[PDB]
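Within every chain, numbering begins at 1; the chains are lettered A, B, ... in the order of the sequence lines, protein sequences first and strands thereafter. In what follows, every heavy atom counts, from backbone to side chain, and hydrogens, waters and symmetry copies are set aside.
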2 protein chains.
Amino acid sequence: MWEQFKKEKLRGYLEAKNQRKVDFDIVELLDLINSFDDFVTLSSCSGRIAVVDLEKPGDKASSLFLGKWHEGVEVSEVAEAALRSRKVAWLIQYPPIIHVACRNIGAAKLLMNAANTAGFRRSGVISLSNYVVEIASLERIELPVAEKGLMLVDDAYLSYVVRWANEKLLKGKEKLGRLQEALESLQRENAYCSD
Amino acid sequence: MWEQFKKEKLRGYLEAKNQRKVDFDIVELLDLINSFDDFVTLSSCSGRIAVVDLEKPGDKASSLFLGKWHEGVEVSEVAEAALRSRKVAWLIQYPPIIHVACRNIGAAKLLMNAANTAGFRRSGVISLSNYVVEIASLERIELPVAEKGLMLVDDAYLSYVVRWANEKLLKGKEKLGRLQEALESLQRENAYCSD
């Protein structure tokens, strides 16, 4: 059952790589994870900062992305997006989130422990069925900044909340890098020895 | 091992109830949870809105609570707190979070499924050891509103973000109520029948 399950999920990942529908900056991590026998990736996001045009907060049905960045962003990029709002522009920082199915309870514990080592608090098994571990962090810089193309906050305040968003996104990338290291250190234990 | 583990943890909960160190509005839920043989509560928060005086964002070491509410808050209460800041006052909404140890994998799956039924996305096993299930939600209204007793945002904007915070806190309480119902519906199956 596990090998057939992993083949199905891995086919989904390879199709997303072919369609260029995987965050370029964690293709390595995800490849690495899938190179363990007892893991298969399900989904991932390496973290982002966005500006989203929203009628009401949490109204995902009204939502339109005004701008989206997988890396640190200039205050200027953010204002630019916000000035294009037709409803309320929200600045949103999404931290990294990875889902990995694990073959058994020991494999889940291994991955959870590495995630924790890397600094991902709030990592957990979100489905016991195929021990799907979520590796994640607390998910809310989320604040309104413009309405119908007009700013709600002054340039100083915008600058402050963007710098903060940048700094959080970077810390997410740091933790992703550490997790890749940890898994690489693990995986490469006998890279230079047959025995 | 489980009964000795549960006795230790339950003693911690009863001591916190005696010291009035448990959120009054989920004493019922937590009691109910502890009335299952296969569960024991570890910790909980029923959700809150706070204003916190912070040097930098996430600088928990500089943090001082200027105001804290377990229920919906008047915009006026929030401004009042913020005006007392000596550093940067942040408005923070914390959603409900419950930790429950479960006796076996079936018990974990049961609790996770009820939590999901109630609307707690992002519920998971955060330690496989004693199947500690975290019941929780996404945790960030978090924004700066005053500095050294002076407002950074206008009254309209403050009103808007407080209303939003109120609405999120209420939805957390709704989900807590639903989870208590679900567990009660479960627990009371043979309340009126010996057989």
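- With hydrogens and angles disregarded, no donor-acceptor distance shorter than 3.5 Å links the side chain of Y160(B) to the backbone of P144(A).
- The CD1 atom of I126(A) sits 9.0 Å away from atom CG of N116(B), with the distance rounded to the nearest 0.5 Å.
- Legend: residues meeting side chain to side chain donor-acceptor pair (under 3.5 Å) with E80(A), ordered by chain and number and at least two apart, are absent.
- The most heavy-atom pairs under 4.5 Å with chain A, out of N113(B), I105(B), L128(B), come from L128(B).
- Residues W164(A) and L143(B) have side chains not in contact (no heavy-atom distance under 4.5 Å, counting atoms from C-beta outward).
- Residues satisfying the side-chain contact (heavy atoms from CB on, under 4.5 Å) test with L110(A), not counting sequence neighbours, are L186(A).
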